[PDB]
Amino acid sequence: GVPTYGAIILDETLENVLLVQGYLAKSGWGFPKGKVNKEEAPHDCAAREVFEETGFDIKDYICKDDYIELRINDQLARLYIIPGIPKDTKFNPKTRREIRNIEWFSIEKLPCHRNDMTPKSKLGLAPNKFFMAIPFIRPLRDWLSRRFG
């Protein structure tokens, strides 16, 4: 799979993260990210995707070593961690054709797994609108503990 790059943007209290909601197959909430272009450096792709999806330019805030990277079904997703962005920042995607909405969420309220269906004796997981964000939540909480505490 082509690698994806983007950001986990936090506010000043470190309580809240910025998620984006797409359409169709991307109908739930997730961190802003997207696929790297040929010859494009990871930091430039993260900034490009984030600015296209949120209207906020992270370029001057990216730290090279501050990211969480996951490989999910043999596709690598790397989100640069961007703390301290004010909650009253006005975010606006470049294309309403791809982004429905942009919101801050409480980190402590976000799920870090989907729920099973063990009350129904059925296999699998119940739908969850935070599906794409979920894999990053525990690693983010662990990263924030180590970095700040």
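Start at 1 with the first residue shown and count on from there.
Taking the PDB entry as given, 119 to 127 carries the higher mean Cα B factor of the two stretches 104 to 112 and 119 to 127. In this entry, 86 to 94 has the higher mean Cα B-factor, the comparison being between 49 to 57 and 86 to 94. Comparing the C-alpha B-factors of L18, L24, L14, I134 in the entry, the top value falls on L24.
Among the modelled residues of the chain, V36 sits in the highest third by CA temperature factor in this PDB entry. In the PDB entry, a CA B factor belonging to the highest third of its chain's modelled residues is recorded for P42. Ranked within its chain, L76 lands in the highest third, by CA B factor from the PDB record. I8 sits in the lowest third of its chain by CA B factor, as recorded in the PDB entry.
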